[PDB]
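Take a look at the letters that make up each chain.
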Amino acid sequence: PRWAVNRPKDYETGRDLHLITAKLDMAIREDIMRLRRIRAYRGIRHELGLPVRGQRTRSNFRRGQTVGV
Amino acid sequence: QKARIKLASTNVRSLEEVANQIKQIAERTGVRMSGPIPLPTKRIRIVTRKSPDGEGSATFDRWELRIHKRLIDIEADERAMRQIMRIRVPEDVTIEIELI
Amino acid sequence: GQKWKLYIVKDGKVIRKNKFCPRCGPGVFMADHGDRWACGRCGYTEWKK
Amino acid sequence: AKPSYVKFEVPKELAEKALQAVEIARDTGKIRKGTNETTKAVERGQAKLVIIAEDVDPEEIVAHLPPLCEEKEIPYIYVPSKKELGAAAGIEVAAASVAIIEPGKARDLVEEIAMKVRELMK
Amino acid sequence: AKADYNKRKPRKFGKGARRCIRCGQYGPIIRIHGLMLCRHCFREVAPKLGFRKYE
Amino acid sequence: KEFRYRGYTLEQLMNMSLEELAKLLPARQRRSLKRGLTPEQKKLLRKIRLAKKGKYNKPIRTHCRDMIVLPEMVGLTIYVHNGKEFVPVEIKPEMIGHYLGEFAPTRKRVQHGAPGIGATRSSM
RNA sequence: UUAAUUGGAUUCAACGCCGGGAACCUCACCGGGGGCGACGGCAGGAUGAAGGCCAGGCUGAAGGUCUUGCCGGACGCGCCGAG
Ligand SMILES: [Mg+2]
Ligand SMILES: [Mg+2]
Ligand SMILES: [Mg+2]
Ligand SMILES: [Zn+2]
């Protein structure tokens, strides 16, 4: 069924495709690159390495070292 | 040929007084009466925080309002129907009459 | 100031230069847009001449 | 209208009937001062008692009532002064045209003075 | 006109659609069984309405 | 290496009814279009069509952050309010189907300083 | 850190607490635009005060204001107290 493939309604051709291995990787990379070219909000979030789907960041998502006072 | 009577109140004594008046009216004539049936009580419970501010331990009030009910079935007879229509309830009792 | 002029009224004859709205009676006067009969209060897309 | 416009003479009786019979009329009637307000009324005949004082210059906005007198019945009289005409009916300003409709208990004098003005000059 | 710049919009939902009928506060309104009272106002008028603290 | 959106060139997208275009957009855009446009969006669209026709030689400024980018808006520059000022956005073909507000950030990037007194337990 | 990230509470007895799960409203914060002075008095005002509008500019959008002139008849924040 068409509702089972991992890339329905392709952005370029309009068809229902299923990608595996390298093709999948480069398709995802191209999607993120397109978001970055137009300077969209999600593209900026991808560049800065920050959460993209609207999470709060004051408490969690901490990956670093404690700073001294 | 039978009439159904519903009563409700927040005061249990007035309910019984009105029901007893009806029972005496029915006995005072030749007429059959389906006895006063007790229906389940309505409880309205509301829980609120006490303090106006948000400081201090949290404590609560549990307020409650109780509504009692009765049900009476009696056959419609003009001699007795007028008498039960002439009885006037205290201000805290609701009464409704219907024909079935 | 005073706004009552531009009406051709001679010594004995009163005739109004600006017509009144067909919705109302005589006396209420239109503007002088020239492209359409502005009418002030009704307004008409007629392309007056 | 204005004194520098010789229409006819200035009888005392007309002024007596015109200035002294609106105080008895104001208390039982409605008042419409102003030339522009009255002009539409008199064109539409809404005017009933058109009293015109001679105080308004130039001969621009006063030059409508006489040429319109023939268009309607327009029972009208002339007022000598403007100072107390508003005191007769209205507010304490200078008024030129105090047109009223259906005054109370002012019928015989008004009808007589209207007939006199009708037979005097039109 | 000029009074149009003083009127509020007629909201049908949200916190702005309900006020206490005794003090006019927005916020913690008790909606149970059609009451429209603050949690503050209800505490002091409950005995008059017939509620009691049985337990 | 032209532009295509679902197998269509730009021109084929230009000559489309708003309903036909709505079948290509994602679900959120389709529901927003089906439910109609708000009056503010109507005024903005009127200005855009005027500017395309060859009139309105003035910059376009708008408070509508929820307007969806449409193909007929390509090539214009719009100034979108970010809360305190209007920022220019140059509409490119790969922006079809996005809200305008996505291109006008409302917060400034954070560069942290030195933690102050009370930032740790020992500093209190 | 920021244009603003509105405020209260700091041992037990502050920190899923202010019934505080804020898209608008809530809202108190930030950028911008509009509106309001019972009652007394001063200017002024039917030779019309105050007030309202078809079209078009200004504008985020707005008879808000301006352009263009039409509508309404008695009070008056342009000034002083006061509310
Ligand atoms: Mg804080
Ligand atoms: Mg929420
Ligand atoms: Mg808010
Ligand atoms: Zn309350």
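Reading the values: rules and limits
- Residues numbered from 1 in each chain as written, not as in the entry; some residues may be left out.
- Chains lettered and ligands numbered in written order.
- Part of a larger assembly, values for the part shown.
- Heavy atoms only, no water.
- Contact = heavy atoms within 4.5 Å.
- Buried area = accessible area lost by both parts, 1.4 Å probe.
- Salt bridge = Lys/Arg side-chain N within 4 Å of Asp/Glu carboxyl O.
- Polar contact = N/O pair within 3.5 Å; in protein donor to acceptor, adjacent residues only side chain to side chain.
- Nonpolar A, V, L, I, M, F, W, Y, C, P; charged D, E, K, R; others polar.
- Helix = DSSP H or I, 4+ residues; strand = E, 2+ residues; numbered from the N terminus.
- Pairing = 2+ DSSP bridges.
- Axes fitted to C-alpha atoms, helices over the stretch in contact; angles between N-to-C directions.
- Core = buried A, V, L, I, M, F, W, Y, C linked by side-chain atoms within 4.5 Å.
- Buried < 20%, exposed > 50% of the residue type's maximum accessible area, 1.4 Å probe, protein only.

Notes on the interface of chain F and chain A
Taken together, the contact pairs 20 residues of chain F with 17 residues of chain A. When the two sides are added together, the surface that chain F and chain A hide from each other amounts to roughly 1400 Å², 57% of it contributed by carbon and sulfur. Along the contact surface separating chain F from chain A lie 1 salt bridge. Here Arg37 of chain A and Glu94 of chain F are joined by a salt bridge, their closest N and O atoms 2.9 Å apart. Viewed at the interface, chain A and chain F are joined by 5 residue pairs in polar contact. Taken together, the residues of the side of chain F that touches chain A sort by class into 8 nonpolar, 5 polar and 7 charged.

Thoughts on the interface of chain B and chain E
Contacts between the two partners involve 14 residues from chain B, matched on the other side by 17 residues from chain E. In total, about 1500 Å² of surface goes out of reach between chain B and chain E, with carbon and sulfur atoms giving 62% of it. Per-residue buried area on chain B facing chain E is highest for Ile46, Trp63 and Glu64 of chain B; these three make up 40% of the total on that side. If you look at where chain B meets chain E, you find 2 salt bridges. Across the pair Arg43 of chain E and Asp61 of chain B runs a salt bridge whose closest N-O atoms are separated by 3.0 Å. Counting the contacts that link chain B with chain E gives 7 residue pairs in polar contact. Residue assignment for the side of chain B that touches chain E shows that the elements contributing at least two residues are β2 (33-49) and β3 (60-75) of chain B.

Thoughts on the sheet that holds strand β1 (residues 2-9) of chain B
All names here are of chain B. Taken in spatial order, the 4 strands line up as β2-β3-β1-β4 in an open sheet, and their pairing is antiparallel. The open sheet has two edge strands, β2 and β4 (93-99), and neither has a second partner. When strand polarity is set aside, the average angle formed by the axes of neighbouring strands in this sheet is 15 degrees. Its contacts with the sheet place helix α1 (residues 12-27) against β1, β2, β3 and β4, and it is angled at close to 5 degrees to β3.

Digging into the nonpolar core
Residue and element names in this part refer to chain F. Core analysis: the largest hydrophobic core is formed by 24 residues, its most contacted members being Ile91 and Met95. Looking at this core, the elements that each hand over two or more residues are α4 (39-53) and β2 (77-81). For this core, the element with the highest residue contribution is α4, accounting for 4 residues. With near-sequence residues (within four places) excluded, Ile91 lies in contact with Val69, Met73, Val74, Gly75, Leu76 and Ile78.

Quick look at the pattern of salt bridges
All names here are of chain B. On inspection of all chains with the given rule, the structure shows 26 salt bridges over all chains. Taking the shortest distance from any N to any O, the salt bridge between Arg4 and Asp73 comes out at 3.2 Å. Separated by 69 residues along the polypeptide, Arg4 in strand β1 and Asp73 in strand β3 bring together distant segments of the chain. Among the residues examined, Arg4 registers a relative accessible area of 32% and is labelled partly exposed. On the accessibility criterion, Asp73 (12% relative accessible area) is buried.

Focus: the arrangement of the chains
One finds no contact linking chain A with chain B; the least C-alpha distance across the pair is 24 Å. A minimum C-alpha distance of 46 Å separates chain A and chain C, which share no contact.

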